[PDB]
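Shown next as C-alpha cells: one chain only, the form deposited in one PDB entry.
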C-alpha cells in the first residue's frame, strides 16, 4: 500500500506543506483519503444557421445546455476466479499467436502529439521533459513511482506518465491486438461502415437470439482480479519491456493516486487498488479483453461446461480448457465487442438466464433486475451497438449496403456543439464541414442529413480543410470517397462498378426515415428545403467573399 503510493503522496504534501489539512469532513468511504490542500458546451453557428427547423426541437436544443465511483466490488468466488484465470491465460495466448509485444517509442509518441510548458508539443520538443521521464523510468525499473498521479477535473495524468503507459502498453492499440482478424470478437479499426456488416455476419451463425446487455458503470466494476488477469499480458514480454509493463500494472493500475476538486475549494489526495484507471486507449483495449473474457465465461455457463461458480472441480477445469481449445475461437466469432459494449449470438437461448458468473464477476447488467433473464433480439437490424443500429439498403442495381443509423435528433444536436472556445469563424466553419462530410459518407441514407450536408459544404469555402477511420477528414470529392469506402474497399461488395452520381445512392424508406427522426412531412422542413439557397447565402455573407461550390444540384430536386 503506502510502500508503493507513499513516495508519491509524500512529494505532493511537501509541495503543498503550507496548506496540508487532514479534513475530517471528507466525503470518501470506498476511496482511501490521505490528506488535502488549497486550490482554485459552445454552439456551432454555421451548423445551427443551416439547421433552422431543429431550433424548436427540444431534444436538439437541450443537448447544448449545461456515486457509482465511490462504491465497492465484492471479491469473486473461488470458482469464478479460476474460470477468469484459465480464460485470461488462454485469451492472451490466442491474441499473441500472430503478434509480438514491443515497446512504443519517443519518436512514435512525438509524431502522435504533433498531430493531436504550455502545450504538450512544446514539452515533447523540450529535453528537460525527457530527462524527467528517464528519472521516473529508472524509478519504475526499481519498482518505485514519484510522479504517476491521476489528475481529475476521466482522470488526466502528466504527459510523461502517459508516455511511460504508451511505451509499455501502446502496442495493444498501435499493433491492432483487438482487430477482428486477430481477436475474432473485436472491432478495433473497423469503422461504422463495417460494424453493420460484422453484426450481419454474426447473424449468419446458427444459434439463439442476439444479446446486447450493457453493464452499469463498467469502469467502476473493474476488480483487482480483473487487473491481475490483464497483467498476464506481461508473461508474453521479455527484458526491459516486461519490467516496464509490470511497473505500469503494479504501480499505476493496481495502486492509484488521484487529485479531486472539492468545493467546500480544496484538492483531495485519495487512493484505491480497484476500478479502471489508465489512458482512454489502453482503457479501451483492456475493457475489450476483460469483456471478451466475461462473455466467453457467460457462454460457458449457458452451454453447461461448469455447474457452479462456488468452486471448480479438476474435471471442470479440464472441461473449461478443452472447451477453449475445441471451440473457443468459434465462440469468439459469435461476438462483436467494443470495450464495455457487446453483442453475443450464443449457441442457444440458455445464455439469457446464465447469470451467476456474470453477476459474481461484478459485471451487473444495467436497467434489468439482477436475476431476470436477458431479453435478446430476433432481428440483427434492431440490435444496438456503439450507439447505432444498422439498416439493410438495396441499391437500384441490386447491390446491398449495410448502413449505420441513430436517432437524427442526436446527430443534429452533436453537430451543433463545438468543444472548447477561442474558435475563429473559419475554424467553426471547418468543424461544420467535418460533420457534413461524415453525414455524406455514413448517413447519406437520411434525407435531412444529405440535404443539410450538401448545404453546409455549399456554405463553407470549397478548399477549406475539415478540422477536429474518419475517411471524411479530407478535401477530396465526397463521391470519390463514397466509392472507395462503400464499393472499392468493401469486402462484402463483389461487384466493383463505381457509382457515377449521388442519385444512384439510395435512402431508407420515407416511413423508416420518419421512424429514425426525419422531419419530412413537416411544413418547417418543406420551407427549409425549398429556401435552402437563402440559408447557404446567409452563411456565405458572414464568412465573406471566398470561393464556394453549389453542391445542391447533386440532389434530383435541386438539379434544375
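Residue numbers count along the first chain shown, from 1. Definition used throughout: the rigid core is the maximal C-alpha set that superposes within 1.5 Å between two forms.
In this entry, residue 40 is separated from residue 41 by 4 to 9 residues of the deposited sequence that have no coordinates. Stretches compared: 376-384, 307-315. Higher mean C-alpha B-factor in the entry: 307-315. For the pair 456-464 and 218-226, the mean B factor over Cα atoms is greater in 218-226. The PDB entry gives the largest Cα B-factor of the residues 366, 396, 85, 137 to 137. Of the candidates 333, 295, 115, 434, it is 115 whose Cα B-factor is highest according to the PDB record. When all modelled residues of the chain are sorted by CA temperature factor, residue 537 is found within the lowest third.
In this PDB entry, residue 526 carries a Cα temperature factor that places it within the middle third of its chain's modelled residues. Ranked by C-alpha B-factor against the other modelled residues of its chain, residue 495 falls in the middle third. Residue 125: CA B factor in the highest third of modelled residues in this chain (values from the PDB entry). In this PDB entry, the Cα temperature factor of residue 57 sits in the bottom third of its chain's modelled residues, the lowest group.
Note that the form deposited in another entry isn't included here; everything after this is about it.
Compared between this form and the one not shown on the core, the listed residues 309, 485, 124, 355 keep their C-alpha shifts below 2 Å, save 485. Core-superposed comparison between this form and the one not shown: the Cα of residue 167 travels less than 2 Å. Relative to the superposed rigid core, residue 439 undergoes a CA displacement of at least 2 Å between this form and the one not shown. Once you line up the core between this form and the one not shown, the Cα of residue 31 stays within less than 2 Å of where it was. Compared with the form shown here, the Cα atoms of residue 433 and residue 188 move at least 3 Å farther apart in that other deposited form. Relative to this form, in that other deposited form the C-alpha atoms of residue 162 and residue 281 approach one another by 3 angstroms or more.
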